[PDB]
Amino acid sequence: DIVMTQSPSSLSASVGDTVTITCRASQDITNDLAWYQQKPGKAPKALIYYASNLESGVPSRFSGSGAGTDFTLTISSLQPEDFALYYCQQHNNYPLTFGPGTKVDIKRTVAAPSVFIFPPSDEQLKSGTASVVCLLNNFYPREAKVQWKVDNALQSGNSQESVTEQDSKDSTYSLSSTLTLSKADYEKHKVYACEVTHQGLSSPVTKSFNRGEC
Amino acid sequence: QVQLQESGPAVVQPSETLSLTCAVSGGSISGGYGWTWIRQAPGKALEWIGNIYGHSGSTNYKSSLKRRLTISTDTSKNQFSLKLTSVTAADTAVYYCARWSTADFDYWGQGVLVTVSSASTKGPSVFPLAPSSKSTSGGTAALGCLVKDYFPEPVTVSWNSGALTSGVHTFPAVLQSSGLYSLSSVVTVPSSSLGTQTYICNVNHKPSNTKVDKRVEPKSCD
């Protein structure tokens, strides 16, 4: 299978800007490369085919170029309806494959997240499961990494994350990370910590609590 | 012009068969085009499932799915269709039908969400996310509600019957490995208001006809 990658994961832009996003193919695909736009809740819409051809009914402020392994989508004089997700797609060979997507953002100044951690509530603990919650509030840009550590042992595969859309009034994001353990395993450990990596932080920040200490 | 519309069930029990149909208008299903199924799982890139070509009948399949997948056309209804057997939780996604024409997908359906879960309708448990005593030190307190183990979507959350809107973030729901949904709703307030203002989340889950109000109480050490 041909692997498509895209850069950046999200791009900060303002109305009227000219922005360029990048696509890379793991092999030479010549010019069998298309670009699509997707808005929230809607199906993708084709924008560019053969790396450079404007699809019918698409504004000419969309252009693209490239051959072989590296491709660009450029939007000149960006309009409000252009804040959306953008995907590339190769058709050089079966296993038609898409890139992970680039999200075009409303630009604002960098804002580090405020981090808060919540132990499971008393009532849930009576139930028989434990949910530990880590909130990252009001940050920008969108890329954030959350790692769970239980008594300094890095967790994996027992957490889920959720992110809001870009806030309509201040242009920030928020994220929740929920670590799920059984009650019996939760009661075998002391220190619950989430560690947050983000561009607005000089170094990863930790928020933790000790079980049974107020 | 050319229009595609998906239809199919919203919930498939694990290991049952997922069946979908795309009805095509404005063009013949026997045209030399690639009638394609593509899906998008929560937080994942679009994934090409496969296609059938209208005129030749040639079918192209994703290798890992080939034992489970059949794609076909029906000329009497001008449709094409997708069957995928032995369905697991990895198969929950929005499914799109689309037309491949030479160099892009130039027409698309609307998408249909298909969820794999053996759950029946069930109202949520609602747990407080109270601010720790320590966490209030900077002058802002984060508090919230965890609404857990419900089915199906959606739930609504308000704070103090809708008098509190500033600083509220209600997160999109996530499907847990159990097949039940969970979300959280949070709000930041001033620390000094924790002793004066009362904070209650109101959760409504109409499919189960459940209304829960949860008082979120500040923690105290002494």
Side-chain angles (χ1 to χ4, degrees), chain A residues 1 4 6 31-36 38 41-50 53 55-56 87 89 91 94-101 114-124 127 129 131 133 135 137-138 160-165 167 169 173-176 178 180 207 209 213-214, chain B residues 4 36 38 40 43-48 50-51 60-63 94 96 98 100 102-111 125-135 138 140-144 146 148-149 167 169-177 182-184 186 188 214 219-222:
Chain A
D1 304 12
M4 307 305 296
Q6 253 167 292
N31 65 341
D32 318 308
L33 195 276
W35 294 88
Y36 301 82
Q38 189 175 34
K42 320 300 287 186
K45 176 185 81 168
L47 304 163
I48 295 282
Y49 66 91
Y50 281 144
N53 293 34
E55 185 48 86
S56 181
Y87 299 106
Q89 181 244 310
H91 58 100
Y94 274 124
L96 285 190
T97 50
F98 301 77
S114 298
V115 184
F116 307 89
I117 187 171
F118 304 88
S121 68
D122 310 341
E123 308 83 310
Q124 188 181 32
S127 93
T129 50
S131 304
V133 173
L135 164 70
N137 206 38
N138 291 1
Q160 314 184 245
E161 301 186 1
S162 191
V163 187
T164 56
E165 300 306 280
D167 184 279
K169 22 174 172 63
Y173 300 86
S174 292
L175 180 161
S176 87
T178 307
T180 298
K207 274 308 208 299
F209 64 90
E213 313 189 3
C214 176
Chain B
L4 277 49
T36 303
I38 301 152
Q40 181 171 216
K44 301 213 164 189
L46 305 148
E47 169 172 48
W48 174 89
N51 70 38
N60 293 277
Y61 294 127
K62 182 181 182 53
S63 172
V94 172
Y96 301 95
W100 179 261
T102 298
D104 60 14
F105 291 107
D106 56 359
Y107 298 96
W108 295 70
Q110 64 195 342
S125 311
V126 180
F127 301 121
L129 302 161
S132 82
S133 189
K134 174 65 203 116
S135 63
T140 82
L143 58 101
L146 171 59
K148 192 167 139 64
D149 297 337
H169 299 295
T170 302
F171 293 93
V174 314
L175 189 58
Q176 300 159 106
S177 58
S182 168
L183 66 77
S184 290
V186 303
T188 51
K214 209 63 176 185
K219 302 275 198 180
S220 183
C221 304
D222 168 78

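Chain identifiers are assigned alphabetically (A, B, ...) following the order of the sequence lines, protein sequences preceding nucleic acid strands; residue numbering begins at 1 within each chain. All values below were derived from every heavy atom in this structure, side-chain atoms included, with hydrogens, water molecules and symmetry-related copies excluded.
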Could you tell me which portion of [X] (side chain, backbone, both or neither) has an atom closer than 4.5 angstrom to a non-hydrogen atom of chain B?
X        : value
A:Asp1   : side chain
A:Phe209 : neither
A:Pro44  : both
A:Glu123 : both
A:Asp167 : side chain
A:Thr129 : side chain
A:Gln124 : both
A:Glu213 : neither
A:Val163 : backbone
A:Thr164 : both
A:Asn137 : side chain

Chain A contact via [X] - side chain, backbone, both or neither, heavy atoms under 4.5 Å:
X        : result
B:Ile38  : side chain
B:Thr36  : neither
B:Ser182 : neither
B:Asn51  : side chain
B:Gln40  : side chain
B:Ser125 : neither
B:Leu4   : neither

[atom2] on [Y] to [atom1] on [X], rounded to 0.5 Å:
X        : Y        : atom1 : atom2 : answer
A:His91  : B:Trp100 : NE2   : CH2   : 4.5 Å
A:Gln160 : B:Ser177 : CD    : OG    : 6.5 Å
B:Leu146 : A:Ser176 : CG    : OG    : 9.0 Å
B:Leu46  : A:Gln38  : CG    : CD    : 6.0 Å
A:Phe116 : B:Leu143 : CZ    : CG    : 10.0 Å
B:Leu129 : A:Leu135 : CG    : CG    : 9.0 Å

[X] and [Y]: which non-hydrogen atoms are nearest, and at how many Å?
X        : Y        : value
B:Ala103 : A:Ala34  : O-CB, 3.7 Å
B:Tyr96  : A:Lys42  : OH-O, 3.7 Å
B:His169 : A:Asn138 : NE2-OD1, 2.9 Å
A:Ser121 : B:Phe127 : OG-CB, 3.4 Å
B:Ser133 : A:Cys214 : CB-SG, 4.0 Å

Fill in: A:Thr178 side chain reached by B:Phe171 side chain, heavy atoms, under 4.5 Å
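No, their side chains stay 4.5 Å or more apart.
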Practice prompt. Could you check if a side-chain atom of A:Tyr36 sits within less than 4.5 angstrom of a side-chain atom of B:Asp104, using non-hydrogen atoms only?
Written response: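 Yes; the side chains approach each other to less than 4.5 Å.
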Fill in: Step-by-step side chain to side chain contact (heavy atoms under 4.5 Å, CB included) determination, A:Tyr49 to B:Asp106
CA-CA 10 Å; A:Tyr49 66 91; B:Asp106 56 359; over 6 Å; no
Shorter than 4.5 Å, heavy atoms on both sides: which option in [options] has the most such pairs with chain A?
options                               : answer
B:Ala45, B:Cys221, B:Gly167, B:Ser132 : B:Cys221
B:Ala130, B:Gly138, B:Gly50, B:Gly109 : B:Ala130
B:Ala141, B:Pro128, B:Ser135          : B:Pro128
B:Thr140, B:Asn60, B:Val174           : B:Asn60

Discussion item. Could you check, using the six-membered ring where one of them is a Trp, whether B:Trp48 and A:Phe98 have ring centers closer than 6.0 angstrom?
Written reply: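 Centroid separation for B:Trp48 and A:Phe98: 6.0 Å or greater.
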Worksheet item: Between A:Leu175, A:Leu33, A:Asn31, A:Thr180, which residue shows the highest count of heavy-atom pairs closer than 4.5 Å to chain B?
Response: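 Answer, by heavy-atom pair count under 4.5 Å with chain B: A:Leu175.
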Fill in: Selection from A:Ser162, A:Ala43, A:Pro95 maximising heavy-atom pairs under 4.5 Å formed with chain B
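So the answer, after comparing A:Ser162, A:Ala43, A:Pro95, is A:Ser162.
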Worksheet item: Of all residues at least two apart in sequence or in a different chain, which pass the salt bridge (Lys or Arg N to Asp or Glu O under 4.0 Å) check with B:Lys219?
Response: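 For B:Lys219, the residues satisfying salt bridge (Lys or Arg N to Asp or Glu O under 4.0 Å) (neighbours in sequence not counted) are A:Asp122.
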